[PDB]
Structure formats: structure tokens, C-alpha cells
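Shown below, as C-alpha cells, is a lone chain in the form deposited in one PDB entry; questions about how it binds or moves come after it.
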């Protein structure tokens, strides 16, 4: 129990320095400038932002997870989530087995848990995937950029007698041959144009021996903000987890080895929980953006009426300075934690093997981000290893800033206490 301040400052010389800085407007103003520069490093920059790298990493882990396991995943049935007699529904630009499409053609079995994914779930998954892959290919924006958009186009086909997954009821489109329809939804308005075309079995250059319907979806104005893309990634991983369909893998000779070889997708429990946790932490991190913006530190502080600065009365700016500095530190810490959730250096057993042998691997013959080839399947193809590396580099290059943020936080905390 320290009773007296000289005694307390004898033992803790750095506290003495802190008190001296807190009474000095030019040391306070210098810390506030530091916060403006570090905020810009976190929310304005990309490559050198730990926060940017961590967001990218959380999104890449979710996309990579589906690139690994999608080809193995059974799907099928008709539009109500019911079983089908003879429906083949194919989703393009998806990482199928030696294919840039995934085929849902499991009939008779009821869609559901440890069974095929329903086409309704697959459509949700697929849309999120297409959006994420288009954004990753274009490049994610800095965290402060909240109004960019991307355009996304994707297609799927239906064949087989009784297949209703491309019908008016499923699609919204009146004329199954040549009909088109537009709809919007929402604080950003995204416009979707859905169009349909029918190709007869014989007609012109029809590879497949028989007849099908093609659906094209074109989405304009899709928000590519960090928050919006993280919501897409959550939709992707959660749909997988909740639908929990049956899978059965093809293990290569030489290749890395997948255990188990057949099962249900939600059985990858450590993997899925990690990915969800990364997304959760990244959403919390991005959420600090508005705290930072709301408490800008660019206005200089000092006394009033030319009288000396009085740290007990003249410091109503301190609460906002503290909130800004704490929010920055929280961003940095959550960015770190996203990284450590997936970094294989601290993983063990089958989850480590999943990451090092599959997720942080790409078998495309590097292709840009968001590229789906006939060899994507069974590999992450989402720059996971490189993103972990870049996150670590950005953190090492944040050394000064982090100390400046702590010092600003401490100054502000001293002034909030004095003003109590």
C-alpha cells in the first residue's frame, strides 16, 4: 500500500515520465499525431496493415476450406430440398473433381445431414463463393473504404426429367426460354438480373447428349467492404457447417493424406470452429473502425485563455483519445489472434495436417487470387501461407506504432483519471 507519491515514483520511474508528458500539451499533441498516423496505417493502408492482412486471412481460410472439400461433397435433389428421381444440377466456376464445375446429381436420398446438400443450400454457398472469389481476384480494399462495389456473374444448369431447380418457381423467371428478371435488395442496393435459356438435346454443338436449362445470375453493386465480405465468408462456412452434407474424398498416391476419407462436412470440427472464430474476430476488428473515425485526433489541444494547461480541467478530449487508442490496440491484438488461430506452427495432429497439407497449398498451374481451375480441388488456392507471412511481416513493421499507441493510451488514461 503506497501512501505517498515520491515513494511510488522512486519505484516506478516510468510513471513519473508519464505524468510529466500528461501535463505537457506538446507531448499530448505529438501522441495525438502519432494516433492519426497509426490509424491511417491500420485502416488506410493495405499491404502494411495488420488489420487488412487479418481480414484477408479470415476470408481466405473460409474460401480455401471449400476449395479443399467441395469436390468431395455430395449434393442433389429438387427445389424444395426434397429428393429427386433424376436431377442433375451443375454449378459453374466451382472446384470440382478435374473440373471447373461441381455437379449435384445424387438422386433418391433425402437432402440433409450426412446426406446430400440441398440445391437451396448449395445456391447460397455458391453465391457467397462467387462473390468472395470475384472480390479476392480484384483485391480487397483498405478497411476504411466502405462504399466500393463489385459486379459478379455466375451460371448453373439443370437437366434431367423432373429437375425443377431452374424453373419459374425456383428462379423467379417467367419464360424458361429467354426470360429475364430483375430484383433488388438491401444500407446498399444490390441489383440482380436472372436470365434463363433452354438448350435442346440435339441443337447446335450440344456436348452433353441431352437437353438443359441454363440460369445466369448477374449481380451489380455488390459491396466489397471488409464487413460485407466477412459476412459472405460467414455465410459460406455456416452453410457448410449447418447443412453438414456427406462427403467422400479421392486420396492421391504420393499426395497428402486426408482423414477421414468419407464422412460429414461438419465433422471437421476443429477446422470449422477455427474458421468461424477467425471471422468473428475479424468482424470485431473491423468494427473498431468506426470508433477510430468517430474520435479523430487532429485538432490540437492546450489551455484556454493563454493560461497554462491544467490537466485536471482542460482535458475533456481525453476520453475520446483513450477510446481511439484502445480501439487501435484492439485492432492490432485481434489481427494477431486471427493469425494465431490458423498458424500451423502452433497446431497439432489432424488439424495441423489439414492446414499444411491442404489448406495452405494450391494445385493450380501462381495463378491470381480467385482462380478456379480443373486442378483447384483438394487444395486451398487462397494464398493462406502467403497471407500468414504478410500478416507477420506487417506486425513486425508495426513495432513503433504499437508503442506509440500504448503511450497515447497511457497519457489519455492519466488525464481521464485526473479529470474524474
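Numbering follows the first chain given and starts at 1. Shifts are known only where both forms have a C-alpha. What we label the rigid core is the largest C-alpha set whose atoms superpose within 1.5 Å from one form to the other.
This protein has a second form, the form deposited in another entry, left out of what is shown; the following refers to that one.
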Q | Position with Cα shift of 2 Å or more, rigid core superposed between the shown form and the other one, options 349, 139, 267, 303 | A | 303
Q.
Once both forms sit on the same rigid core, is the C-alpha displacement of residue 23 at or above 2 Å between the shown form and the other one?
A. no
Q) Does the C-alpha of residue 10 move 2 Å or more between the shown form and the other one once the rigid core is lined up? A) yes
(Q) Thinking of the 3 angstroms or more shift, are the C-alphas of residue 7 and residue 23 brought closer or pushed farther apart in the other entry than in this view? (A) farther
Q: Since the Cα separation of residue 407 and residue 11 moves by 3 Å or more in the other entry, tell me which way: closer or farther than here.
A: closer
Q. Among residues found in both forms, what runs of at least 3 in a row have Cα shifts of 2 Å or more between the shown form and the other one after core fitting?
A. 1 to 12, 303 to 305
